[PDB]
Amino acid sequence: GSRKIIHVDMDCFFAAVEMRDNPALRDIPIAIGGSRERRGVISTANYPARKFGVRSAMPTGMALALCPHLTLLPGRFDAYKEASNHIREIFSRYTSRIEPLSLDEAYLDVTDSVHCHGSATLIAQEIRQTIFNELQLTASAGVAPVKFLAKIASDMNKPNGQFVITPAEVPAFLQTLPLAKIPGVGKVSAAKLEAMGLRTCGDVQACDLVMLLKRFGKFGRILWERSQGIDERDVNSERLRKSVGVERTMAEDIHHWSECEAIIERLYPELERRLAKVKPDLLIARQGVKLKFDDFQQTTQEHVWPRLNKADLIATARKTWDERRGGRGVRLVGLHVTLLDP
DNA sequence: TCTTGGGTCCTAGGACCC
DNA sequence: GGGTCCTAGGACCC
Ligand SMILES: Nc1ncnc2c1ncn2[C@H]1C[C@H](O)[C@@H](COP(=O)(O)NP(=O)(O)OP(=O)(O)O)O1
Ligand SMILES: [Mg+2]
Ligand SMILES: [Mg+2]
């Protein structure tokens with residue numbers, strides 16, 4: 001009993017929306033991120049700029065060395081939110097089984113769909129068309145019998161393409177597939193696996209589960225299953241935000257608490273406004289704060305608390321500021337809150 | 001070049017409880 | 001002594 005699962009993913013999402021809204025940006029290298037003097041990274045970049053080596057996560061310092069004519073934008077969320085909202089209403093036309101992973105991505109289970117003679121392929125195509133019409137924005141898709149393979153599949157023919165994997169093709173496909181392409185395995189993990197000869201799913205299939213469990217725990221079991229193309233996770237549609245927070249990174253580090261306090265003052269309204277959006281009474285399960293020093297270590301203190309409170313956050317922030325820091329600069333302060341349990 | 005801001009989920013020790 | 005809450009931290013994702 002195989003399911004038909006689609007992963008959709010908008011191409012170069014933030015940049016695409018900029019370039020839509022300003023055709024002049026179309027053929028020159030642009031990126032959304034915080035400027036160099038702001039100590040920012042790149043959020044995303046268009047293809048002209050990727051050409052040069054610009055990636056997401058890359059410090060803006062490096063983006064500009066690498067691509068000195070890089071036009072840099074601060075980004076417009078309402079515009080990204082608006083677009084997201086539309087793409088989702090578009091998915092809704094084809095199924096209710098929709099699980100968004102971020103503004104620009106969603107899984108659809110389309111198994112029990114009656115939409116295109118039950119052709120997953122035709123469905124993805126129909127959604128990539130209609131997203132283009134309607135948004136002037138391209139999207140790529142992956143189709144597969146499970147979440148992670150549709151995920152990997154949606155990258156394989158991007159931009160503005162799609163790619164299908166049938167159950168027939170799966171074992172071939174997993175044989176040479178590098179563990180790192182599996183969601184949940186990044187740098188650190190890949191490096192461990194490698195260091196013990198494991199690089200592809202292929203290699204994990206020759207592996208003893210008992211051992212994978214000894215040295216990664218619940219992660220070993222995931223690895224092991226995914227290697228076999230096993231992925232039982234259902235598209236759910238019911239997930240809710242569990243927390244919210246707000247953080248800022250100074251252009252220069254701060255060494256005096258007077259400054260730190262100044263920062264927090266500026267952050268609380270923002271974290272109040274966001275939380276009101278979702279909880280007018282301001283009722284939370286815990287609040288707390290976050291500091292990250294010059295040696296880039298980061299620490300957080302967070303306790304049970306019943307209702308967002310500016311003073312308490314300033315309080316605990318001073319404890320923190322005293323009791324852990326020992327004279328390093330401080331690059332960022334942030335606040336945080338954990339939503340009630342329902 | 002010099003390392004964001006918004007989140008998720010997993011681990012682990014000690015408190016607390018039957 | 002075996003679970004569950006509390007808190008801190010880390011790897012990961014977009
Ligand atoms: N590390 C990061 N930090 C901040 N914002 C980020 C980010 N990574 C992504 N974003 C924001 C900006 C991104 O536009 C958006 C979507 O994330 P993707 O789908 O991973 N990347 P995109 O759609 O840009 O390129 P592709 O064509 O390969 O899909 O999330
Ligand atoms: Mg995308
Ligand atoms: Mg994405």
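Labels below follow one simple rule: chain letters A, B, ... track the order of the sequence lines, proteins then strands, and each chain is numbered from 1. All values below were derived from every heavy atom in this structure, side-chain atoms included, with hydrogens, water molecules and symmetry-related copies excluded.
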| query | Which residue pairs pass the ring pair (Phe, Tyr, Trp, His ring centres under 6.0 Å) test when at least one of the two sits in residues 29-49 of chain A, sequence neighbours left out? | reply |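 Listed once each, the pairs would be none.
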
| task | Check each residue of residues 41-66 of chain A for a non-hydrogen atom within less than 4.0 Å of any atom in DNA chain C, then write out the ones that pass by number, or none. | result |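 Contacts with DNA chain C under 4.0 Å: none.
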
Look only at the side chain of [X] and the backbone of [Y], and say whether a donor-acceptor pair between them is shorter than 3.5 Å.
{"X": "A/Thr60", "Y": "A/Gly34", "value": "yes"}
{"X": "A/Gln297", "Y": "A/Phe293", "value": "no"}
{"X": "A/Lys158", "Y": "A/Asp155", "value": "no"}
{"X": "A/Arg128", "Y": "A/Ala139", "value": "yes"}
{"X": "A/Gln205", "Y": "A/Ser227", "value": "yes"}

| Closest-nucleotide 5' rank along DNA chain B - winner of A/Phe216 and A/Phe296 |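 That would be A/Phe296.
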
| task | Please classify the sugar of B/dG6 as north or south using the torsion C1'-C2'-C3'-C4'. | result |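 Positive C1'-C2'-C3'-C4' torsion, north pucker.
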
| task | Give me the first and last nucleotide of DNA chain B, going 5' to 3', that has any atom under 4.0 Å from a heavy atom of chain A. | result |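 For DNA chain B, the relevant span reads B/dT1 to B/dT11.
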
Among side-chain atoms of [X] and [Y], is any donor-acceptor pair under 3.5 angstrom?
{"X": "A/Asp9", "Y": "A/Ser140", "result": "no"}
{"X": "A/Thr320", "Y": "A/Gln301", "result": "yes"}
{"X": "A/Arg39", "Y": "A/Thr249", "result": "no"}
{"X": "A/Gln129", "Y": "A/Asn133", "result": "yes"}

| Rounding to the closest angstrom, what is the interatomic distance between B/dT4 and C/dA11 at atom P? |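 Here B/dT4 and C/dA11 have their P atoms 15 Å from each other.
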
| field | C/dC13 versus B/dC2 - spacing of their P atoms, nearest Å | value |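 It works out to 26 Å between them.
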
Pick base, sugar-phosphate or nothing for [X], based on heavy-atom distances below 4.0 Å to the nucleic acid.
{"X": "A/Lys292", "result": "sugar-phosphate"}
{"X": "A/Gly34", "result": "nothing"}
{"X": "A/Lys151", "result": "sugar-phosphate"}

| request: Quickly, which of A/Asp234, A/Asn236, A/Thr111 forms a side chain to side chain donor-acceptor pair (under 3.5 Å) with A/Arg97? Name it, please. | output: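 Exactly one candidate clears the test, A/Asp234.
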
| message | If you take the centroid of each ring, where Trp contributes its six-membered ring, are A/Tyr107 and A/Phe148 closer together than 6.0 Å? | response |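 No, they do not, as the ring centres are separated by 6.0 Å or more.
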
| request: Go through residues 222-251 of chain A and report each residue with a non-hydrogen atom lying under 4.0 Å from DNA chain B, sorted by number. | output: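 A/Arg239, A/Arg241, A/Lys242, A/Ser243, A/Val244, A/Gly245, A/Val246, A/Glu247, A/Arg248, A/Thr249, in order of number.
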
| What residues in residues 302-315 of chain A put a non-hydrogen atom under 4.0 Å from any atom of DNA chain B? |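 Output list: empty, so none.
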
| How about A/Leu174 and A/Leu149: do any of their side-chain heavy atoms sit closer than 4.5 Å? |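 In contact.
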
| said: Looking at A/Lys181, I'd like to know if its NZ atom is crowded, meaning that more than 12 non-hydrogen atoms belonging to other residues, nucleotides or ligands lie closer than 6.0 Å. | reply: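 Result for NZ/A/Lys181: open.
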
| Could you spell out the base pairing of DNA chain C in dot-bracket, with Watson-Crick or G-U pairs whose two distances are under 3.5 Å, [ ] crossing and | to another strand? | ||||||||||||||

| request: Quick one: sort the A/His115 and A/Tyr94 rings into parallel, tilted or perpendicular, breaks at 30° and 60°. | output: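 Because their plane-to-plane angle lies in the 30° to 60° range, the rings of A/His115 and A/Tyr94 count as tilted.
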
| task | Write down the atom of A/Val41, the atom of A/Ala57, and the distance for their closest heavy-atom approach. | result |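 Taking A/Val41 first and A/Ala57 second, the nearest heavy atoms are CG1-O, 3.6 Å.
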
